[PDB]
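Naming convention: chains lettered A, B, ... in sequence-line order (proteins, then strands); numbering from 1 in each chain. Because only heavy atoms are used, hydrogens play no part in the values below, and waters and symmetry mates are left out as well, while side chains stay in.
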Amino acid sequence: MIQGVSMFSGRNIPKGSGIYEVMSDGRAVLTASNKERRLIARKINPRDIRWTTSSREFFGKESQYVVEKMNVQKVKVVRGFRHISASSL
Amino acid sequence: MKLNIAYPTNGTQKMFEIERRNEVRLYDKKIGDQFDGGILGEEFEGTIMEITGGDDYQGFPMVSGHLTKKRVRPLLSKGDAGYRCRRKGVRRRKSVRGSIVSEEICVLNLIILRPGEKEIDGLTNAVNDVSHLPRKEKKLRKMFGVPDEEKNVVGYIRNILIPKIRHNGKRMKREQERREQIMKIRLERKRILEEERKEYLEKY
RNA sequence: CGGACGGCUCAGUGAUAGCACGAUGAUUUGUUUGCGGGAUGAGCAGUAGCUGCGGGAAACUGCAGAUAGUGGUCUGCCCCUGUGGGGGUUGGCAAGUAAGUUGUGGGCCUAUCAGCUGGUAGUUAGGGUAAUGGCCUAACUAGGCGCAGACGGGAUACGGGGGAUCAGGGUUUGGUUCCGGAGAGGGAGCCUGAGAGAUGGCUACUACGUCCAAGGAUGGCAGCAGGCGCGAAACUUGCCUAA
RNA sequence: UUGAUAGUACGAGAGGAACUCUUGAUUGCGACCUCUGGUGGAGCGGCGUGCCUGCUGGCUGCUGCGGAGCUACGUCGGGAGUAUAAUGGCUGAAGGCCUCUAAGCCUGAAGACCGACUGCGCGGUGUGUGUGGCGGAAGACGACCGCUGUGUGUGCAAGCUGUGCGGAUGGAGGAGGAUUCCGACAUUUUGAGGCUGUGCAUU
RNA sequence: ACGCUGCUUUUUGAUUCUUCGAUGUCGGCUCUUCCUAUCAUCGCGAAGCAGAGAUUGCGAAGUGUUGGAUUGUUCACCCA
RNA sequence: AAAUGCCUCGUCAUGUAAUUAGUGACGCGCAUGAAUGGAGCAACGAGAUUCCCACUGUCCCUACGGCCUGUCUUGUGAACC
RNA sequence: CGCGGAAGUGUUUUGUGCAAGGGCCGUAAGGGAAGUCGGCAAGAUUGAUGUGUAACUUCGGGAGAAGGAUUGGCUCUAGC
């Protein structure tokens, strides 16, 4: 069971291990540890820390959202309209 | 989550339905991420499906270009999924979802890319009707192959058979006249001009 | 194509507004008038209505199918050049109408208001603009205003055309038909368009709110009637395809 | 203490309960470390002052994160046993009637005793202890729990820190004929290097 | 009411038996134990006890009885 | 009602949720008062008082860590009573 | 001066490894003087350079009033 995803490092958090912090606008950010809440307090940008996932795809080490999924598909059968069901052109 | 599957080649749709044991395999997939159909149930085996959209439990639609699982509120304009614009130059802030499946989506829209060896009932059997027939004359000629100078393109097809055939016949004739007298007037303006140049240059 | 006009109001503003006489050789202008000007070539993409499957309490919205207008790219055409090349895609001229920018001059009261001013005064260069200009920036000079009242502060301050009083000379007043300005609860920022910093347009913060199945969605009478409140203090929720 | 009982009984009205069932807590007592928080002179990093001739690498100072262990601000856990007091009752004389009382009997308390829970002496029994050494879950020293060569070292697993030296390609600019030199720092090789008292294997 | 009879040792007096070759003299803070003449909690009577809320009495000492402002205060007096 | 007022925690106002404290005002003042010096605070003070901001293990309520002692060994080896 | 180095000078080589309680120190969630006779103790401010500075006053002062901002490394420009 997962509690959620860390909003600073991008990693999965196990069930029962984070602290939600609600802001004055009603936005509730989830962090894993005091190693991460400190980097937010000092106002560091996560892309300058090499063990986060937003830093690995900024430098191209590995993209975090794979897409294509091999998608090799084509077909174009022809059909009829109202009475020309057998066109035969 | 009830599924809404369509087979574009035969042009047909129907509303399917699945349970929450196979449903959990769909999570963390983008729009345009597609797979083998056997995951969903049983009859879908050997097929290649595709994801194209979906709603949530409050009606809001999923759109591409966001890459999140939460609900956002951008400023949208004319020609944008999620907005249906009526006044000219107006923009609206309206909520949508991101392009990733999770436990919030109520309905998924799919696409049968390659059918299977089995026979899904309402999709692999029927072959539905087209809705409109072309109107451009080059496209009409390539549909039936009428290249014999085409001489009268509609009358040629009316004999080959009742289906009524509409076409851009009149529109070609208006514009044919408009740029025929416009050449007529270019000659008068120029011709009447050089008379005065010489007659003016005569006296002075 | 139009909804930037028409209609309502007088919060702000004591001169950056308004009236009078000037400059634009420093600028743009749809509709109106008279002249000029105009791709019937190739080759691919692809949409509204329409035909089906649907979501949501709502307000609103998605996916598949197939078609006009249409959008790219070549070809040609045009523009600046040429003993190389590089751009653009048909956008014009002159009147008329409208709009923007700018010079000088005028009796609201007050010295228990006498010295005021840092983009402040100027030069030289560039940027931005439809266009001149500290309008904006870089460098450098030390200027500019004042008892002929500067700089401040007050009162029920929208300016004129106008009104009242009445021998003459004067005193008082103008929210209000016509012309000019400014604003749409309060501040800001913008899109479309010939023209708006528009509110019977959009986006945010802020005053007061309204509807919900609770997760969301929404409001702008200083338009014509009408209601509440306030106060000494002010009309009809009527009829109109006629002028 | 919440909900139900119940807007019910009672009352002209206004007002307005109880037995039984049910929900959460406050405080005391006894434990425990999975989670969260604190500490962490273990470990890794950053930035400095002096000294080793400079770079590399060290020692010294301030600072970020911080495993194990300890801990609370964190988590867990409570008899329907017997006889009675006040009071209320049964049978019943003295006193032909009456009366809970003089003989007897029934009921009844956060109280009494007992149980459960912890400690000590004394008994019984087909029953009498590893000298020394080395470890720990135990410990001021004695004692207690274990084995009787299975350690140490190393590898893997599981974690903490955060991208090592050297090279290559760049760098605000400056110096000047060589197409050279000086330069904080950047990207890449590289989730990389360093470290571990915990677990498994082997020697 | 007017009168009359008791108990305690928490007040303040009365006295001068012990200690002047010395028994550290007020309050607070900390910590333990005992009394009942019971404030609350458990059981049960009376009524000028309809219900609700209180008032008065008996059995009962197991468990509880707080946080602050002003004063050195004990004491006092207000707030929650 | 002052470092001077017995009665006395005088009376009224103000600061607090709550003021035997502080400040302002009142005056028949047990027993104020003029070089026994009276009134008066600019500047100066490790002088005496009351309140505000800031800050914190003072406290709610304690925890964990460092070094030297103590605990254990050898040597030297007292005193009070 | 403080925080670190020379010169000169002084110095040993078979005790243990750390219970409770002490003496001198370090770090602490959330609260922020509720603690106490009393903010005792600790924490907090701190160098330099622009900015901005009131009541009162013996006109000298008050004044560093209060309040706000800046600060490393590297590579250059300007003045004398």
Nucleotide-level pairing of RNA chain F, given in dot-bracket where Watson-Crick and G-U pairs need both distances under 3.5 Å and | marks other strands: ...........(((.......)))..................................||.||||||||............
Contact under 4.0 Å: A:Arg38 side-chain N or O vs D:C65 OP1/OP2: yes
Option among B:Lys2, B:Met1, B:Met62 that satisfies the side-chain contact (heavy atoms from CB on, under 4.5 Å) test with B:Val107: B:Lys2
Nearest-angstrom distance from the residue atom CD of A:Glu57 to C1' of D:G191: 15 Å
A:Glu62, CD atom: more than 12 neighbouring heavy atoms under 6.0 Å: no
Smallest separation among heavy atoms of B:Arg97 and B:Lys69, with atom names: NH2-O, 2.9 Å
Length of the line joining B:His66:NE2 and C:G62:P, which is rounded to integer Å: 13 Å
Heavy-atom donor-acceptor pair, A:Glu68 side chain to A:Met70 backbone, under 3.5 Å: yes
Reading 5' to 3' through nucleotides 198-204 of chain C, protein heavy-atom contacts under 4.0 Å coded B for base, S for sugar-phosphate only, - for none: ---SSSS
Any B:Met49 side-chain heavy atom under 4.5 Å of B:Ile111 side chain: no
Near-strand residues of residues 15-47 of chain B, defined as heavy-atom separation under 4.0 angstrom from RNA chain C: B:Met15
Which residues share a ring-ring contact (aromatic ring centres under 6.0 Å, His included) with B:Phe16, sequence neighbours left out: B:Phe44
Under 4.0 Å protein heavy-atom contacts per nucleotide of nucleotides 63-76 of chain C, with B for base, S for backbone only and - for none: BBBBSSS-------
Watson-Crick or G-U stems of RNA chain C, 3 or more pairs, under 3.5 Å, by first number: C:20-22 with C:102-104, C:32-35 with C:92-95, C:77-80 with C:85-88, C:108-110 with C:152-154, C:115-117 with C:143-145, C:123-127 with C:135-139, C:158-160 with C:178-180, C:208-211 with C:216-219
Side-chain N or O of B:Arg178 closer than 4.0 Å to phosphate OP1/OP2 of C:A39: no
A:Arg56 CZ - D:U163 P separation (whole Å): 13 Å
Spacing between A:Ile19 atom CD1 and D:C73 atom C1', to the nearest angstrom: 12 Å
Other residues, nucleotides, ligands: >12 heavy atoms within 6.0 Å of B:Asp121 CG: no
